Amino acid sequence: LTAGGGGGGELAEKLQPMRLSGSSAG
Amino acid sequence: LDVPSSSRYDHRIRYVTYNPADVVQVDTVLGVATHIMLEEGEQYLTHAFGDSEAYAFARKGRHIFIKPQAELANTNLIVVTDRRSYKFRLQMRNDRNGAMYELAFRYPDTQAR
């Protein structure tokens, strides 16, 4: 039908750089 | 014997007025699938052929298709639902003429209600 060295802790942690990414104009 | 009455457009499609006290003489020919529909919302319980391999049976909801599968297939179909029980005297026609594509019912009690 159907188919299918590293010491100097405090001074060196205040000298960690802050690197902010640049932007591109749209 | 309730002989179906055919339509006026094509005598391929026939209608019968259902009756508890009579059977439906179906003239099935070779190579055609014939369509039978029930009442809306009628739950099919069981069906029982006189010869299971003489005819092919697949049912979807309220729609019944039977198909010849063997030479000299002259048996009965008793498909029963909650509302009623149907009886057809299935008879193969040899000459592949006077076919009957689909059988439809006209219910007296439902129409009166």
# chains A, B, ... in the order shown; residues from 1 in each chain; ligands from 1
$ closest_atom_pairs --of "chain A" --to "chain B" --cutoff "12 Å" --atoms "only C-alpha atoms" --output "Markdown table"
| residue | atom | partner | partner_atom | distance |
| --- | --- | --- | --- | --- |
| A:1 | CA | B:67 | CA | 6.7 |
| A:2 | CA | B:58 | CA | 8.5 |
| A:3 | CA | B:58 | CA | 11.9 |
$ write_last_selection --atoms "C-alpha atoms" --output "PDB file, in the first residue's frame"
ATOM      1  CA  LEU A   1       0.000   0.000   0.000  1.00  0.00           C
ATOM      2  CA  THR A   2       2.813   2.410   0.907  1.00  0.00           C
ATOM      3  CA  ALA A   3       6.460   2.426  -0.121  1.00  0.00           C
TER       4      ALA A   3
END
$ select_by_dssp --residues "chain B" --states "alpha helix (DSSP H)" --output "count of residues only"
5
$ residues_around --residues "segment 76-80 of chain B" --least-positions-apart "3" --cutoff "10 Å" --atoms "only C-alpha atoms" --output "list in words"
residues 23, 24, 25, 26, 42, 43, 44, 45, 46, 47, 48, 49, 50, 51, 52, 55, 64, 66, 73, 83, 84, 85, 86, 87, 88, 89, 90 and 91 of chain B
$ write_last_selection --atoms "N, CA and C atoms" --output "short mmCIF file (atom, residue, chain, number, x, y, z; two decimals), in the first residue's frame"
data_model
loop_
_atom_site.label_atom_id
_atom_site.label_comp_id
_atom_site.auth_asym_id
_atom_site.auth_seq_id
_atom_site.Cartn_x
_atom_site.Cartn_y
_atom_site.Cartn_z
N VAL B 23 -24.84 -5.51 5.35
CA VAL B 23 -23.43 -5.50 5.00
C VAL B 23 -23.26 -4.74 3.69
N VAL B 24 -22.02 -4.34 3.42
CA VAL B 24 -21.69 -3.51 2.27
C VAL B 24 -20.95 -4.35 1.24
N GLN B 25 -21.55 -4.50 0.06
CA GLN B 25 -20.95 -5.25 -1.03
C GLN B 25 -19.95 -4.34 -1.74
N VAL B 26 -18.67 -4.63 -1.56
CA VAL B 26 -17.60 -3.83 -2.14
C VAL B 26 -17.05 -4.57 -3.35
N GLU B 42 -13.78 8.81 15.73
CA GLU B 42 -14.10 7.41 16.00
C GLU B 42 -12.81 6.65 16.28
N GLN B 43 -12.76 5.99 17.43
CA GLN B 43 -11.57 5.27 17.87
C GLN B 43 -11.63 3.83 17.37
N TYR B 44 -10.66 3.44 16.55
CA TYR B 44 -10.59 2.09 16.02
C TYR B 44 -10.16 1.12 17.11
N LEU B 45 -10.93 0.03 17.28
CA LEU B 45 -10.57 -0.98 18.26
C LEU B 45 -9.78 -2.13 17.65
N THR B 46 -10.40 -2.87 16.73
CA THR B 46 -9.75 -3.99 16.06
C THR B 46 -10.40 -4.18 14.70
N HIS B 47 -9.71 -4.94 13.85
CA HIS B 47 -10.23 -5.36 12.57
C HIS B 47 -9.89 -6.82 12.38
N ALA B 48 -10.71 -7.51 11.59
CA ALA B 48 -10.48 -8.94 11.38
C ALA B 48 -10.92 -9.30 9.98
N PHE B 49 -9.97 -9.74 9.16
CA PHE B 49 -10.27 -10.22 7.82
C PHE B 49 -10.62 -11.69 7.85
N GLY B 50 -11.36 -12.12 6.83
CA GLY B 50 -11.49 -13.55 6.59
C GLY B 50 -10.20 -14.14 6.06
N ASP B 51 -9.41 -13.34 5.35
CA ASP B 51 -8.12 -13.74 4.80
C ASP B 51 -7.15 -12.59 4.95
N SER B 52 -6.17 -12.75 5.85
CA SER B 52 -5.25 -11.66 6.11
C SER B 52 -4.32 -11.38 4.94
N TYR B 55 -5.79 -9.37 1.36
CA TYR B 55 -5.86 -7.92 1.28
C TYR B 55 -4.79 -7.28 2.16
N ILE B 64 -9.11 4.30 6.42
CA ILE B 64 -8.79 2.89 6.18
C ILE B 64 -8.52 2.69 4.70
N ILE B 66 -7.58 -0.45 2.06
CA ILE B 66 -7.41 -1.87 1.79
C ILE B 66 -7.03 -2.04 0.32
N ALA B 73 -9.67 -13.21 -4.15
CA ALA B 73 -9.73 -12.73 -2.77
C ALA B 73 -11.17 -12.31 -2.47
N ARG B 83 -18.15 3.21 18.53
CA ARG B 83 -19.51 3.56 18.14
C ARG B 83 -20.27 2.37 17.57
N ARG B 84 -19.64 1.59 16.70
CA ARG B 84 -20.37 0.59 15.93
C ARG B 84 -19.41 -0.46 15.41
N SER B 85 -19.92 -1.32 14.53
CA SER B 85 -19.15 -2.36 13.87
C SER B 85 -19.50 -2.35 12.39
N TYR B 86 -18.48 -2.40 11.54
CA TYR B 86 -18.67 -2.38 10.09
C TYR B 86 -18.56 -3.80 9.53
N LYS B 87 -19.26 -4.04 8.43
CA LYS B 87 -19.22 -5.33 7.74
C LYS B 87 -19.18 -5.10 6.24
N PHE B 88 -18.13 -5.60 5.59
CA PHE B 88 -18.01 -5.53 4.14
C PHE B 88 -17.76 -6.92 3.57
N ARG B 89 -18.49 -7.25 2.51
CA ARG B 89 -18.33 -8.51 1.79
C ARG B 89 -17.40 -8.24 0.62
N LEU B 90 -16.10 -8.31 0.88
CA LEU B 90 -15.10 -7.96 -0.11
C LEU B 90 -15.12 -9.00 -1.23
N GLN B 91 -15.23 -8.53 -2.47
CA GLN B 91 -15.33 -9.40 -3.63
C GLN B 91 -14.49 -8.81 -4.75
#
$ residues_around --residues "residue 106 of chain B" --least-positions-apart "4" --cutoff "10 Å" --atoms "only C-alpha atoms" --output "ChimeraX atom specification"
/B:15-19,39,110-111
$ write_last_selection --atoms "N, CA and C atoms" --output "short mmCIF file (atom, residue, chain, number, x, y, z; two decimals), in the first residue's frame"
data_model
loop_
_atom_site.label_atom_id
_atom_site.label_comp_id
_atom_site.auth_asym_id
_atom_site.auth_seq_id
_atom_site.Cartn_x
_atom_site.Cartn_y
_atom_site.Cartn_z
N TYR B 15 -21.26 6.13 -2.07
CA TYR B 15 -21.78 6.43 -0.75
C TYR B 15 -22.74 5.34 -0.31
N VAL B 16 -22.73 5.00 0.97
CA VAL B 16 -23.67 4.04 1.52
C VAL B 16 -24.22 4.58 2.83
N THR B 17 -25.52 4.35 3.06
CA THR B 17 -26.17 4.75 4.30
C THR B 17 -26.02 3.63 5.32
N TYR B 18 -25.31 3.91 6.41
CA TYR B 18 -24.93 2.88 7.36
C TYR B 18 -26.17 2.25 7.99
N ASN B 19 -26.06 0.99 8.39
CA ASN B 19 -27.19 0.23 8.92
C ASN B 19 -26.68 -0.91 9.79
N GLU B 39 -16.32 7.96 10.97
CA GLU B 39 -16.78 9.20 11.56
C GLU B 39 -15.63 9.96 12.20
N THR B 110 -26.89 10.17 13.40
CA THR B 110 -26.11 11.39 13.62
C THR B 110 -26.76 12.58 12.93
N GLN B 111 -27.24 12.39 11.70
CA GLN B 111 -27.90 13.49 11.00
C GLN B 111 -29.16 13.94 11.73
#
$ closest_residue --among "B:41, B:107, B:54, B:30" --to "residue 81 of chain B" --atoms "only C-alpha atoms"
B:41
$ select_by_dssp --residues "segment 23-108 of chain B" --states "strand (DSSP E)" --output "PyMOL selection string"
chain B and resi 24-28+34-37+44-49+55-60+63-68+75-81+88-92+102-106
$ write_last_selection --atoms "N, CA and C atoms" --output "compact mmCIF listing (two decimals), in the first residue's frame"
# COMPACT_ATOMS: atom_id res chain seq x y z
N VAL B 24 -22.02 -4.34 3.42
CA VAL B 24 -21.69 -3.51 2.27
C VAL B 24 -20.95 -4.35 1.24
N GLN B 25 -21.55 -4.50 0.06
CA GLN B 25 -20.95 -5.25 -1.03
C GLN B 25 -19.95 -4.34 -1.74
N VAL B 26 -18.67 -4.63 -1.56
CA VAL B 26 -17.60 -3.83 -2.14
C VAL B 26 -17.05 -4.57 -3.35
N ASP B 27 -17.03 -3.90 -4.49
CA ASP B 27 -16.48 -4.45 -5.72
C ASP B 27 -15.07 -3.88 -5.89
N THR B 28 -14.08 -4.60 -5.36
CA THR B 28 -12.69 -4.19 -5.44
C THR B 28 -12.06 -4.82 -6.67
N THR B 34 -8.12 1.45 -2.36
CA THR B 34 -9.42 2.05 -2.11
C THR B 34 -9.45 2.66 -0.72
N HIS B 35 -10.11 3.81 -0.61
CA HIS B 35 -10.08 4.63 0.59
C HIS B 35 -11.41 4.49 1.33
N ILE B 36 -11.35 4.29 2.64
CA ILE B 36 -12.53 4.26 3.49
C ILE B 36 -12.26 5.17 4.68
N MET B 37 -13.25 5.99 5.03
CA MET B 37 -13.14 6.94 6.13
C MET B 37 -14.18 6.58 7.18
N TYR B 44 -10.66 3.44 16.55
CA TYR B 44 -10.59 2.09 16.02
C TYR B 44 -10.16 1.12 17.11
N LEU B 45 -10.93 0.03 17.28
CA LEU B 45 -10.57 -0.98 18.26
C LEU B 45 -9.78 -2.13 17.65
N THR B 46 -10.40 -2.87 16.73
CA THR B 46 -9.75 -3.99 16.06
C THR B 46 -10.40 -4.18 14.70
N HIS B 47 -9.71 -4.94 13.85
CA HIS B 47 -10.23 -5.36 12.57
C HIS B 47 -9.89 -6.82 12.38
N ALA B 48 -10.71 -7.51 11.59
CA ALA B 48 -10.48 -8.94 11.38
C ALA B 48 -10.92 -9.30 9.98
N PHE B 49 -9.97 -9.74 9.16
CA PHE B 49 -10.27 -10.22 7.82
C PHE B 49 -10.62 -11.69 7.85
N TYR B 55 -5.79 -9.37 1.36
CA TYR B 55 -5.86 -7.92 1.28
C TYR B 55 -4.79 -7.28 2.16
N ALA B 56 -4.41 -6.06 1.80
CA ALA B 56 -3.41 -5.30 2.52
C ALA B 56 -4.08 -4.17 3.29
N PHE B 57 -3.72 -4.01 4.55
CA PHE B 57 -4.42 -3.11 5.46
C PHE B 57 -3.44 -2.17 6.15
N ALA B 58 -3.67 -0.87 6.00
CA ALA B 58 -2.97 0.15 6.74
C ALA B 58 -3.97 1.22 7.15
N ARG B 59 -3.92 1.61 8.42
CA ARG B 59 -4.90 2.54 8.97
C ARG B 59 -4.19 3.74 9.57
N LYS B 60 -4.73 4.93 9.29
CA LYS B 60 -4.21 6.18 9.84
C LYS B 60 -5.41 6.96 10.39
N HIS B 63 -8.95 6.82 8.78
CA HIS B 63 -8.88 6.52 7.36
C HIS B 63 -8.37 5.09 7.18
N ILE B 64 -9.11 4.30 6.42
CA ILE B 64 -8.79 2.89 6.18
C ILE B 64 -8.52 2.69 4.70
N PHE B 65 -7.37 2.09 4.40
CA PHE B 65 -7.00 1.68 3.05
C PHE B 65 -6.88 0.17 3.00
N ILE B 66 -7.58 -0.45 2.06
CA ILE B 66 -7.41 -1.87 1.79
C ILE B 66 -7.03 -2.04 0.32
N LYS B 67 -6.29 -3.11 0.06
CA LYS B 67 -5.64 -3.36 -1.22
C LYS B 67 -5.66 -4.85 -1.53
N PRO B 68 -6.04 -5.24 -2.75
CA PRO B 68 -5.94 -6.66 -3.12
C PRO B 68 -4.49 -7.10 -3.19
N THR B 75 -13.48 -12.35 0.65
CA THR B 75 -13.57 -12.53 2.10
C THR B 75 -14.36 -11.36 2.66
N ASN B 76 -14.25 -11.17 3.97
CA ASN B 76 -14.97 -10.13 4.69
C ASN B 76 -13.99 -9.28 5.48
N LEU B 77 -14.41 -8.07 5.79
CA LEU B 77 -13.71 -7.20 6.72
C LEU B 77 -14.68 -6.79 7.81
N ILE B 78 -14.27 -6.96 9.06
CA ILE B 78 -15.04 -6.52 10.22
C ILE B 78 -14.13 -5.59 11.01
N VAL B 79 -14.24 -4.30 10.75
CA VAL B 79 -13.52 -3.28 11.50
C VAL B 79 -14.49 -2.69 12.51
N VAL B 80 -14.13 -2.76 13.79
CA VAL B 80 -15.02 -2.38 14.87
C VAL B 80 -14.42 -1.21 15.62
N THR B 81 -15.27 -0.25 15.96
CA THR B 81 -14.90 0.90 16.77
C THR B 81 -15.84 0.97 17.97
N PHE B 88 -18.13 -5.60 5.59
CA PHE B 88 -18.01 -5.53 4.14
C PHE B 88 -17.76 -6.92 3.57
N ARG B 89 -18.49 -7.25 2.51
CA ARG B 89 -18.33 -8.51 1.79
C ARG B 89 -17.40 -8.24 0.62
N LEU B 90 -16.10 -8.31 0.88
CA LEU B 90 -15.10 -7.96 -0.11
C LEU B 90 -15.12 -9.00 -1.23
N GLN B 91 -15.23 -8.53 -2.47
CA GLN B 91 -15.33 -9.40 -3.63
C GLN B 91 -14.49 -8.81 -4.75
N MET B 92 -13.51 -9.57 -5.22
CA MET B 92 -12.70 -9.14 -6.35
C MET B 92 -13.52 -9.17 -7.64
N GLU B 102 -13.42 4.97 -3.51
CA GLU B 102 -13.59 5.38 -2.12
C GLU B 102 -15.04 5.21 -1.69
N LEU B 103 -15.24 4.71 -0.48
CA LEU B 103 -16.55 4.43 0.08
C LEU B 103 -16.83 5.40 1.21
N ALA B 104 -18.00 6.04 1.17
CA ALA B 104 -18.38 7.05 2.15
C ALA B 104 -19.71 6.68 2.79
N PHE B 105 -19.91 7.11 4.03
CA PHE B 105 -21.10 6.75 4.79
C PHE B 105 -22.02 7.95 4.98
N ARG B 106 -23.32 7.68 5.05
CA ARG B 106 -24.34 8.65 5.42
C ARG B 106 -25.06 8.11 6.65
$ closest_residue --among "B:13, B:62, B:20, B:101" --to "residue 1 of chain B" --atoms "only C-alpha atoms"
B:20
$ decode --residues "chain A" --atoms "N, CA and C atoms" --output "tab-separated table (two decimals), in the first residue's frame"
chain	number	residue	atom	x	y	z
A	1	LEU	N	0.82	-1.20	0.00
A	1	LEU	CA	0.00	0.00	0.00
A	1	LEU	C	0.86	1.26	0.00
A	2	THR	N	1.91	1.27	0.81
A	2	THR	CA	2.81	2.41	0.91
A	2	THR	C	4.23	1.92	0.69
A	3	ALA	N	5.05	2.74	0.03
A	3	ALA	CA	6.46	2.43	-0.12
A	3	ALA	C	7.21	2.78	1.16
A	4	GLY	N	8.16	1.94	1.53
A	4	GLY	CA	8.98	2.20	2.70
A	4	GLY	C	8.23	2.15	4.02
A	5	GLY	N	65.87	37.46	39.27
A	5	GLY	CA	65.26	37.59	40.58
A	5	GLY	C	63.80	38.03	40.53
A	6	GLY	N	63.07	37.75	41.60
A	6	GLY	CA	61.67	38.10	41.66
A	6	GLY	C	61.26	38.75	42.97
A	7	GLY	N	62.24	39.27	43.71
A	7	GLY	CA	61.98	39.91	44.97
A	7	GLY	C	61.46	41.32	44.79
A	8	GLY	N	61.55	42.09	45.88
A	8	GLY	CA	61.04	43.45	45.88
A	8	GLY	C	59.54	43.48	45.65
A	9	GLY	N	58.80	42.73	46.47
A	9	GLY	CA	57.41	42.44	46.15
A	9	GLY	C	56.54	43.67	46.01
A	10	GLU	N	56.64	44.61	46.95
A	10	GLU	CA	55.69	45.72	46.96
A	10	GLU	C	56.00	46.74	45.88
A	11	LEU	N	57.23	47.24	45.84
A	11	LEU	CA	57.59	48.18	44.79
A	11	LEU	C	57.38	47.58	43.41
A	12	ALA	N	57.64	46.28	43.24
A	12	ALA	CA	57.52	45.69	41.92
A	12	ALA	C	56.07	45.40	41.55
A	13	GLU	N	55.18	45.25	42.53
A	13	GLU	CA	53.77	45.13	42.18
A	13	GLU	C	53.11	46.48	41.98
A	14	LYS	N	53.73	47.56	42.44
A	14	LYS	CA	53.29	48.89	42.04
A	14	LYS	C	53.88	49.34	40.72
A	15	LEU	N	54.81	48.60	40.14
A	15	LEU	CA	55.39	48.96	38.86
A	15	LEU	C	54.86	48.10	37.72
A	16	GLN	N	53.78	47.37	37.95
A	16	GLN	CA	53.19	46.56	36.90
A	16	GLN	C	52.51	47.47	35.89
A	17	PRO	N	52.85	47.40	34.62
A	17	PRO	CA	52.30	48.34	33.65
A	17	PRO	C	50.81	48.14	33.45
A	18	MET	N	50.13	49.24	33.17
A	18	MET	CA	48.75	49.21	32.73
A	18	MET	C	48.77	49.49	31.24
A	19	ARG	N	48.46	48.48	30.44
A	19	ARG	CA	48.52	48.56	28.99
A	19	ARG	C	47.10	48.56	28.47
A	20	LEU	N	46.66	49.69	27.93
A	20	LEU	CA	45.30	49.83	27.43
A	20	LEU	C	45.33	49.79	25.91
A	21	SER	N	44.49	48.94	25.33
A	21	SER	CA	44.50	48.72	23.90
A	21	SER	C	44.00	49.95	23.16
A	22	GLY	N	44.61	50.22	22.01
A	22	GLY	CA	44.19	51.34	21.20
A	22	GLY	C	42.87	51.08	20.52
A	23	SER	N	42.33	52.13	19.91
A	23	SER	CA	41.05	52.08	19.23
A	23	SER	C	41.20	52.51	17.78
A	24	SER	N	40.24	52.12	16.95
A	24	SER	CA	40.19	52.51	15.56
A	24	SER	C	38.87	53.21	15.28
A	25	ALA	N	38.93	54.30	14.53
A	25	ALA	CA	37.73	55.07	14.25
A	25	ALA	C	36.87	54.36	13.22
A	26	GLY	N	35.58	54.26	13.52
A	26	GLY	CA	34.61	53.71	12.61
A	26	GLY	C	33.91	54.80	11.82
